[PDB]
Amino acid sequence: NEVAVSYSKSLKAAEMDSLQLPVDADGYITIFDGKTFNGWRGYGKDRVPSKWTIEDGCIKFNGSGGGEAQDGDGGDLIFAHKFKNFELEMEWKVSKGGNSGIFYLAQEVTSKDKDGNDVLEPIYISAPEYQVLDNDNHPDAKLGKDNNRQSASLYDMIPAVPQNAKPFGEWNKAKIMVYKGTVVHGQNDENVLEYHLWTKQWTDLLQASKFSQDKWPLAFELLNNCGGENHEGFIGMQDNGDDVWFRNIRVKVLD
């Protein structure tokens, strides 16, 4: 009925605590219980930012409209257990003109500034992103190439095809599967793209993107070796300043 799932409590800490979480007959672990943030914390934080709330059985981000600013008590949210080979399913709903995302294989990364201080780097420069977007009203829908910034795309790299998103304010289903380097995104019960990590094709995707070695050398370095040395990392969701809702979040460990 239940499986022990380890989790970390703060930046780059070991997963030295465990949660007893439900697991169904097909292996899917329910990692959001609809009532608490147990095992969840802000990216780089030891607490859940207060702009993330629980309402009607959902994780809700309460956005103020500043895009990547992450102002107020905000920041991206992670379920603090590193996964390697897994299949994530969840429902998501985005507000009109809204933008969020589902990250996977994320690392908590810091750099050093010129004086030796730590600088926490964005989750999205280590973590591939399954885009979450109002495809009809958010201007990013029209940016990038071939609609590779629309919902369920691998952000700025591979478009969702078919682009079968339901309209804003409606519930969509996401699937993200990572299995021995093979990645599939699903949207509303259809596979909408597939790729292979750590290949020549993967490098080419990066080199064509905002994360290219020439445009963002640190991002290229992290994403080109996605998941770090052990090829694992966190699932999470994006504070891009807009109201968004997530529910029925479940993960099956595949090996």
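Note that residue numbering follows the sequence shown and begins at 1.
Novice: Averaged over C-alpha atoms, is the B-factor higher for 79-87 or for 107-115 in this PDB entry?
Specialist: 107-115 has the higher mean C-alpha B-factor.
Novice: Of the three thirds of its chain by CA temperature factor, lowest, middle or highest, which one includes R47?
Specialist: Tercile = middle for this residue's CA B-factor.
Novice: When the deposited Cα B-factors of this chain's modelled residues are ordered and cut into thirds, is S95 in the lowest, the middle or the highest one?
Specialist: Ranked within chain, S95 CA B lands in the lowest tercile.
Novice: Hey, what third does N148 fall into on Cα B-factor, ranked over its chain?
Specialist: Ranked within chain, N148 CA B lands in the highest tercile.
Novice: Taking the entry's C-alpha B-factors for this chain, is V253 in the lowest, middle or highest third?
Specialist: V253: CA B-factor falls in the middle third of its chain.
Novice: Please place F220 in the lowest, middle or highest third of its chain according to the CA B-factor in the PDB entry.
Specialist: It falls in the top third of the chain.
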